[PDB]
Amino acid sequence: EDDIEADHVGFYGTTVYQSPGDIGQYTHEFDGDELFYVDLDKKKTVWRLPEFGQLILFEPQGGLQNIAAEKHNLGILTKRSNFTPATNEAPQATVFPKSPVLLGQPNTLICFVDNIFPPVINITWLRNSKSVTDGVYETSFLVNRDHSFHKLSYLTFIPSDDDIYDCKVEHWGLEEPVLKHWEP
């Protein structure tokens, strides 16, 4: 329970798999930010910012290899643990803009969700209590040192004096969806 001291840290990479449901993810990170994930069904590398893949490749087979190995390890460890199931955590969210809010100037609203476990979640946005799906992006599940995850959702918006926003989080560890409110 003590940090390792370093100038930089690469996660090359991180793998998670869970059963039942056959849900998994494979990513690489550098200094805490996502480089890519591998789409395991499409068998393709998806870069976090398109520029990352202009000079560099990652073969998706590496992600398929890690996921296959983790499915194998999960079977063995599940039995060895006497079939001890995961504990559903209660995630917690905070909402903040990317840039200082200026009238009429396009901006991005960020919903940061922490203490996610297992890594299955729905994060959605409301504007003036109405669901908004246009201009919404999500990160992969990013790893925490205690082996939970965090995730961020992004909502393109134009600040006004006539808009109220909510981030809505649904998770198995929540009895009812939690709403995180935000106004200028």
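Position 1 is the first residue in the sequence shown; the rest follow in order. Each form is matched to the other, and the largest set of C-alpha atoms that superpose within 1.5 Å is called the rigid core.
- Superpose by the rigid core: which stretch, 155-163 or 120-128, shows more Cα shift in 5 other deposited structures of this protein? With the rigid core superposed, the C-alphas that lie farther in 5 other deposited structures of this protein are those of 155-163.
- Query: Between 99-107 and 85-93, which has the larger average Cα B-factor in the PDB entry?
  - Reply: According to the entry, 99-107 carries the higher average C-alpha B-factor.
- Message: Averaging CA B factors per stretch from the PDB record, which one is higher: 7-15 or 158-166?
- Response: Per the PDB record, 158-166.
- Task: Return the residue from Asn144, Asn66, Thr45, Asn128 that has the highest Cα B-factor in the entry.
- Result: It is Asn128.
- Query: For the listed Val132, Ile56, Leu152, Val38, which has the peak Cα B-factor recorded in the PDB entry?
  - Reply: It is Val132.
- Among modelled residues of the same chain, the CA temperature factor third for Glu29: Bottom third by C-alpha B-factor.
- Name the third of the chain's ranked CA B-factors that contains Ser148, choosing lowest, middle or highest. Answer is lowest: the recorded C-alpha B-factor places it there.
- Message: Based on the deposited C-alpha B factors for this chain, I'd like to know if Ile123 is in the lowest, middle or highest third.
- Response: Its C-alpha B-factor belongs to the middle third of this chain's values.
- Position of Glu70 among the chain's modelled residues by C-alpha B-factor, lowest, middle or highest third: Answer is lowest: the recorded C-alpha B-factor places it there.
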